[PDB]
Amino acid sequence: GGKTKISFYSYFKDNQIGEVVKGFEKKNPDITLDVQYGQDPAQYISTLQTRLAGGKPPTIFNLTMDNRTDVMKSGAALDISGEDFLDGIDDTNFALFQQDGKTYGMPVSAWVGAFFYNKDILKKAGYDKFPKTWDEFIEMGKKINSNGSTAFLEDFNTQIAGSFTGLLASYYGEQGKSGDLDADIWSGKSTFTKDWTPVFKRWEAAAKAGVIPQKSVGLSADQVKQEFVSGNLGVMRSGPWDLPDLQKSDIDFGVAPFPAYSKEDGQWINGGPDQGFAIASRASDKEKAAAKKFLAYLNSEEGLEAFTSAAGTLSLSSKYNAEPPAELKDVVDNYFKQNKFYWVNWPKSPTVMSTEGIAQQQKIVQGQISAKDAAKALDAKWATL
């Protein structure tokens, strides 16, 4: 077999995955890895699709939230079900990289998001601890707004609202669901009208209470952050990416999971896999073997440390975990490590569906449509994909 040449068409830039590549090459002298780097996500998915269709598909590539089902449906990804290099990563992490019960990709890292709160604003409203349930969150918000302060603002412009997603995650998680929480909808066993309506109702109730305010529509993430840092804002949705700015600020802040839909222990955080890694089904035997060694390295202590530290993400594998920043210890240890994180990762036309969801959430906040109308619009849109 001698040396084996393989290729990797990477979604990740060199500043995120280059140390992994370097380490792998150093430790596998029999494998020559040729890496090409995507320029941006749109360009990545179209260029990868072309390369997978051509005469020389990349041996290793990424399943992203925008191409995962298109690639899997094509047959271009190798079935890696049962491979030993998957060990250490909880099974719920593979749902987004499965088709027909077979595993076609492996995530090793994740992002998270949660509620960041101004302890002083909360204390003034009589709270020494963050609300556990959404109803308590609404009651807390009303009190904060009473004091000329603003309870909560959120960026509704660029994505489905993180607070809504957290509430949705709880709605499902309280029923015993895990992994791909919206799977009843994806599989046609349920609908947005059945399952999202009740969540929209509770989310709408916070809007009607003034806690999700109309002045929040049109705000960017940066504008929300500016209000928080200025001491004007009780609560914002954010994530580890904002910690440096929050620590620099004058704010005594804490970090809490999203309030539960109904149960005292029903809290979830936002989060999801930072893409998946896949091997080409159209590759030589030796190439496949070498690619499996690369996936194994990625899911190793050395690989995981290198990747998560460069990318600023969290490990999904028990072979490595970083010590979280103190402020994030609860959210990491009691939610992320307990698989209580979720994001709506649509399996079809994710841009189309996010756009519709953004439009509907804004109309709910503005009192223009009911919860059931918003859910019916999502069903109507989904039924056309």
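Numbering starts at 1 and follows the sequence shown.
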property: Greater mean Cα temperature factor according to the PDB record, 104 to 112 or 214 to 222; result: 214 to 222
property: Average Cα temperature factor in the PDB entry - higher stretch of 124 to 132, 94 to 102; result: 124 to 132
property: Highest-ranked of 184, 83, 250, 301 once sorted by CA temperature factor in the record; result: 250
property: Given 35, 328, 344, 42, the residue at which the Cα B factor reaches its maximum; result: 42
property: B-factor third for the C-alpha atom of residue 58 within its chain; result: lowest
property: Modelled-residue ranking by C-alpha temperature factor, third containing residue 277; result: lowest
property: Residue 316 - which third its CA temperature factor falls in, relative to the rest of the chain; result: lowest
property: Ranked C-alpha temperature factor of residue 232 among modelled chain residues, by third; result: highest
property: Third of the chain's Cα B-factor distribution that residue 177 belongs to, per the entry; result: middle
